[PDB]
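J.:
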Amino acid sequence: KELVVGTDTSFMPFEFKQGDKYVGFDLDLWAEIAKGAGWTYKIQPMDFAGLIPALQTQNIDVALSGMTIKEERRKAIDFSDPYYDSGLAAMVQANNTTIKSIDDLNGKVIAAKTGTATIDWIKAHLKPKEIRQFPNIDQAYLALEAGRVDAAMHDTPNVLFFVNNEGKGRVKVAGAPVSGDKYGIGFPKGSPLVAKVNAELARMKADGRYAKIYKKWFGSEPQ
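The sequence shown lines up with residues 26 to 247, 300 when you count with PDB author numbering.
(1) Candidates 112, 77, 66, 48: which alpha carbon is nearest residue 103's?
(2) Hey, out of 182, 240, 151, 137, whose CA is closest to residue 173's CA?
(3) Taking the alpha-carbon positions, what's the residue 144 to residue 87 distance?
(4) Is the beta carbon of residue 28 less than 7 Å from the beta carbon of residue 55?
(5) Can you give me the Cβ contacts of residue 188 inside the same chain, cut-off strictly under 8 Å, excluding the 5 residues immediately before and after it?
(6) Going by beta-carbon coordinates alone, are residue 85 and residue 209 separated by less than 7 Å?
(7) Compute the minimum distance between the beta carbon of residue 45 and the heavy atoms of the ligand GTP, and state whether it is under 6 Å.
(8) Between which two residues does the alpha helix (DSSP H) carrying residue 97 extend?
(9) Check the DSSP bridge columns for residue 199 and list the partner residues they point to.
(10) Could you please give me the residues that DSSP links to residue 70 through a beta bridge?
(11) So which of 59, 50, 42 has the shortest CA-CA distance to residue 71?
(12) Determine the direct distance from the alpha carbon of residue 176 to that of residue 158, and round the result to whole angstroms.
(13) Restricting to Cα atoms, I'd like to know which of 148, 219, 131 is closest to residue 107.
(14) Rounded to whole angstroms, how far is the Cβ of residue 153 from the Cβ of residue 120, which I believe are closer than 8 Å?
(15) Find out if the Cβ-Cβ distance for the pair residue 79, residue 139 is shorter than 7 Å.
(16) Tell me the DSSP secondary structure of residue 213 in three-state form.
(17) Just the Cα atoms here: how many angstroms apart are residue 235 and residue 52?
(18) Taking the C-alpha atoms as reference points, what is the distance between residue 200 and residue 149?
(19) Can you tell which of 37, 135, 221, 166 has the C-alpha that lies nearest to the C-alpha of residue 212?
(20) In angstroms, rounded to a whole number, what distance separates the CA positions of residue 110 and residue 207?
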């Protein structure tokens, strides 16, 4: 069967448009899992908020989106074993001298991405003036650059990647990231693909293929 793989519209460096083509850590990881299992697939780019619902209705067979493993989400969907250790970070304009930690975001206007774990975390741990929601994180960062929000928050590696590439000298990380999150590949509840994905991934980890893909995107070794 030709698998339909839901993939995030834009989540650098996991999935993102480069020229005409989508590339990234999730794409390379999944290509290598698919190859070893003997599966053919097509990807279907879509905004993050649609992926969990598409898994619940069996409209996609797999979701790739640096998807944070959460016990609440396990109620609705199934996860692979973790393949990445992540967290959350605050971004502010290069300009900004007022926001020194994540605690300084109380009372401020924070840009964030609709449907992601970032919103849940803010609601659980901060008392902001406003959470301004954007379907895609690119617009969150634009709203920050334009001075319409005090800060943006999102997954650490996405924030760090923006700050070092497209956002170099316009935005920066404020404070320290909060760590402890893990990513999994998402599947419909009860999917039979899970056990084989797990086995391929344990192999890739044990035999260096995981490390080569990691080194490509993150430069060091090991939503």
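Backbone N, C-alpha and C define an ideal beta-carbon position, used for all residues, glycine too.
T.: Taking the definition as stated:
(1) If we check each option's Cα against that of residue 103, 77 comes out closest.
(2) For the residues 182, 240, 151, 137, the minimum Cα distance to residue 173 belongs to 137.
(3) One C-alpha to the other measures close to 23 Å.
(4) Not a contact, by the Cβ cut-off of 7 Å.
(5) Once the five neighbours on either side are set aside, the close Cβ partners of residue 188 are 116, 196, 197, 198.
(6) The beta carbons of residue 85 and residue 209 sit no closer together than 7 Å.
(7) Ligands displayed in this structure: none; no statement on the ligand GTP is therefore possible.
(8) Under the DSSP assignment, residue 97 falls in the alpha helix (DSSP H) whose first and last residues are 96-99.
(9) BP columns for residue 199 point to 115.
(10) Beta-bridge analysis with DSSP links residue 70 to 32.
(11) Considering only 59, 50, 42, the residue with the shortest C-alpha distance to residue 71 is 42.
(12) Those two C-alpha atoms are separated by around 12 Å.
(13) For the residues 148, 219, 131, the minimum Cα distance to residue 107 belongs to 219.
(14) In fact, because the Cβ distance is near 20 Å, the residues do not count as touching under 8 Å.
(15) No.
(16) Assigned with DSSP and collapsed to three states, residue 213 falls in strand.
(17) Residue 235 and residue 52 have their alpha carbons spaced roughly 12 Å apart.
(18) The C-alpha of residue 149 is placed about 19 Å away from the C-alpha of residue 200.
(19) With distances taken between CA atoms, residue 212 lies nearest to 221 out of 37, 135, 221, 166.
(20) About 5 Å.
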